[PDB]
Amino acid sequence: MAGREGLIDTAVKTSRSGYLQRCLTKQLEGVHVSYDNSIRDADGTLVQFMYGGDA
DNA sequence: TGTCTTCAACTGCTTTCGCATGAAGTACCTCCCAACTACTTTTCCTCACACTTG
């Protein structure tokens, strides 16, 4: 019983992590470090003035 | 006259990447086709009757 229900959890976890990856990977892909060390999106809109606040 | 509230119907998604190996619909219709048997077809073959004879 335990071994099967383990194989079920093993076979379902990967479907709940693809949408977790892509759903915000679409959003932050534009998000990068400006040359001034500020985090701007590929739009240019500033997200953080420093990475984690320490660069 | 003006603004507000709930419910139900409607929208869009909910692992990735590849092998296999592609197959199969089907009603309505049929004209074509294959069949069994009989019937029909083209060339050829061979004999036969009457009037007259003597």
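- For this entry, the PDB record names cryo-EM as the structure determination method and reports a resolution of 3.8 Å.

1. Observations regarding the protein's contact with DNA strand B
Part 1 of the argument: The environment of DNA strand B is made up of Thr14, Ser15, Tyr19 and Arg22.
Part 2 of the argument: The protein-proximal atoms of DNA strand B, defined as those within 4 Å of the protein, are 41% sugar or phosphate.
Part 3 of the argument: A distance of 2.2 Å separates a base oxygen of DNA strand B from a polar atom in the side chain of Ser15.
Part 4 of the argument: In the model, a phosphate oxygen of DNA strand B is placed 3.1 Å from a nitrogen or oxygen of the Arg22 side chain.
Part 5 of the argument: For the surface near DNA strand B, a count of residues per class yields 1 nonpolar, 2 polar and 1 charged.

2. Structural notes on the environment of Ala2
Part 1 of the argument: In this fold, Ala2 is placed in helix α1 (residues 2-12).
Part 2 of the argument: A relative accessible area of 64% places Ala2 in the exposed class.

3. Observations concerning the side chain of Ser34
Part 1 of the argument: Position of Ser34 among the secondary structure elements: in the loop between β1 (31-33) and β2 (39-41).
Part 2 of the argument: Within polar-contact distance, the side chain of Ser34 engages the side chain of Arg40 at 2.4 Å.
Part 3 of the argument: If sequence neighbours within four positions are ignored, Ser34 has contacts with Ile39 and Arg40.

Definitions and limits used
Residues numbered from 1 in each chain as written, not as in the entry; some residues may be left out. Chains lettered and ligands numbered in written order. Part of a larger assembly, values for the part shown. Heavy atoms only, no water. Near = heavy atom within 4 Å. Polar contact = N/O pair within 3.5 Å; in protein donor to acceptor, adjacent residues only side chain to side chain. Nonpolar A, V, L, I, M, F, W, Y, C, P; charged D, E, K, R; others polar. Helix = DSSP H or I, 4+ residues; strand = E, 2+ residues; numbered from the N terminus. Buried < 20%, exposed > 50% of the residue type's maximum accessible area, 1.4 Å probe, protein only. Contact = heavy atoms within 4.5 Å.

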